[PDB]
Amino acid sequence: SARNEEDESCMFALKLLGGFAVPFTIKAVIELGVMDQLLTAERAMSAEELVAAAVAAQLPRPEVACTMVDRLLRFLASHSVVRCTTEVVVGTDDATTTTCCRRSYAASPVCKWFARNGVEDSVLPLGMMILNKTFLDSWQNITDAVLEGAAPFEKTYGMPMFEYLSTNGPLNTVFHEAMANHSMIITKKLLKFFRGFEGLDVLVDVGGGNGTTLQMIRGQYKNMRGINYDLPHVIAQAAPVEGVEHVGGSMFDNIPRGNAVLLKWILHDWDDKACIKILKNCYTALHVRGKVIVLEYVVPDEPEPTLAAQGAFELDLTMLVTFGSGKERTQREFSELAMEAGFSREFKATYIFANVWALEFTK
């Protein structure tokens, strides 16, 4: 609609500067309980009906709350996050932010990924880490961190993230729930789309937590045995799982022996030398023809302006912000690390879901 190229140029610059407004608006609609009412609603609902349904608490300024929610949802409607219908009101009205007319709102399909059921296959626990204030604050310190060649997180909090989490119980839970949430989704998709668990006697899951992933995998492959390998303090908290041995240890020291080792979102935390050491421990732990299964995004060789590529470079920036030298890798960069660790010139890539690939390297 801009009146010339100069005008459209200016508005695009403002748009680029303002991209934080959508995520922060979504967070509020979620936290208010409005997004869950949209998701269970049988028809479109006005801001007033959404607030009445979402809030049990008696509000001091209920009319202000309703118009504010109307403004939040109208903004998300402009971004196709929700559907909006407008009707004429016969009467007077003040639980909408316009003269004659009342908006009613329905969830778009994308909204199901924000569900608070948590495991209805939602990414909400991941989203709450993505938009966590403690983590977001690091993004304001990128400049100085680059100048020192440090992680923005380190430059913000004085120390690496994994150290800091030991000192912040609440942030630690947010982080672990996000990890667990993404793990659950990808594990399910793996059992739908990936065939590389066929023929395995023993699978070693590094960073397996309580061993949920191995348990779900054994649900489909009943004769496979699992080793759940994680830090001693994580293993101490792990209840028995049938067919899974919990083993405490550092992946930098050793990996337990097996037919395959699973690394999900491990390598992208670490620089190339650390990755090579992890893959060398995988290599010594495997019998010949054994495999490493890497569950990671793969960035394209060039910066393609696609939805998937943008999300992969967005994850690269998250890694820069969090760890500094943690990073997302191309297929070739993954191949090179594996060959450095001793693996053959034999590469498989199976696309799974949500930008995650299963890359398999073979001894």
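Counting begins at 1, following the sequence as shown.
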{"property": "Mean C-alpha temperature factor, higher of 194-202 and 154-162", "result": "194-202"}
{"property": "Greater mean Cα temperature factor according to the PDB record, 129-137 or 94-102", "result": "94-102"}
{"property": "Candidate set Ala238, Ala274, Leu124, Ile293 [ranked by C-alpha B-factor, highest]", "result": "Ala238"}
{"property": "Given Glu314, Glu328, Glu42, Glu31, the residue at which the Cα B factor reaches its maximum", "result": "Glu42"}
{"property": "Third of the chain, ranked by Cα B-factor, where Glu336 sits", "result": "middle"}
{"property": "Chain-wide C-alpha B factor ranking for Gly118, given as lowest, middle or highest third", "result": "highest"}
{"property": "Record-listed C-alpha B factor of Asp144: chain third", "result": "middle"}
{"property": "Chain thirds of CA B-factor: placement of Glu360", "result": "lowest"}
{"property": "Where the record places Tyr221 (Cα B-factor, split into thirds across the chain)", "result": "highest"}
